[PDB]
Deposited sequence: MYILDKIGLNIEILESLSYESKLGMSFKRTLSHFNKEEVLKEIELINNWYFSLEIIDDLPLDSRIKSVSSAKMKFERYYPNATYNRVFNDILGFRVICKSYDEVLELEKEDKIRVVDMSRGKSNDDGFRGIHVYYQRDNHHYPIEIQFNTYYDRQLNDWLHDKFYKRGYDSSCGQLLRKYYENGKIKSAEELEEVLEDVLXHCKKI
């Protein structure tokens, strides 16, 4: 299990799932959500991540989406985007694998959805407890895709 080897077994993935307070299923489209309240919730997720001790103990590169980056991503996708498709990356990790084969087997699990992309390249894995929790993003990248991604960063930004 590539996830269990990295630290991200199901108990950890579950205790990392932030339970929304917005009363809204994340299968609804952005049109149904109160932007003022969403942004507040992101502030609280921010505060919650910067106090977690289990992320410290994890051998992983991690990032929380800032309230400013969520606000941009919200307006960029309003009104007809699904919420669990836009805000599927609020908490995110980045790892390198020796191969992609064993990553694409995570599709066959429950609660794990996989988005293959092998300008850029790589494989994104999403754990979502249920439809009123935020999904955790995991970007996988062999050395071949990680150096192409980093090199494209230099000629873009």
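Undergrad: Taking the deposited sequence as numbered from 1, list the residue ranges that were left without C-alpha coordinates.
TA: Counting from residue 1, the stretches without coordinates are 1, 120-126, 166-206.
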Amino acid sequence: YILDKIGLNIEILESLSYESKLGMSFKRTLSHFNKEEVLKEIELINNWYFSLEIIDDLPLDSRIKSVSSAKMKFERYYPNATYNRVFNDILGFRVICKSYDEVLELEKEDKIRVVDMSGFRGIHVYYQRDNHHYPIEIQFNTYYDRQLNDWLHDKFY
From here on, numbers count along this sequence of modelled residues.
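Undergrad: Using the B-factors recorded in the PDB entry, average over the C-alpha atoms of 124-132 and of 102-110, then report which stretch comes out higher.
TA: Mean C-alpha B-factor is greater for 102-110.
Undergrad: Going by the B-factors listed in the PDB entry, is the mean over the C-alpha atoms higher for 144-152 or for 21-29?
TA: The deposited B-factors put 144-152 ahead on the C-alpha mean.
Undergrad: In terms of the CA temperature factor given in the entry, to which third of its chain does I138 belong: lowest, middle or highest?
TA: Middle third, going by the recorded CA B-factors of the chain.
Undergrad: Select lowest, middle or highest to describe the third in which the CA B-factor of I12 falls within its chain in this entry.
TA: Middle third - that is where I12 ends up once the chain's C-alpha B-factors are sorted.
Undergrad: Among the modelled residues of this chain, does the Cα B factor of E41 put it in the lowest, middle or highest third?
TA: CA B-factor rank for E41: lowest third.
Undergrad: How does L52 rank on Cα B-factor within its chain, lowest, middle or highest third?
TA: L52: CA B-factor falls in the middle third of its chain.
Undergrad: Would the CA B-factor of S118 place it in the lowest, middle or highest third of its chain?
TA: Highest third of the chain for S118's C-alpha B-factor.
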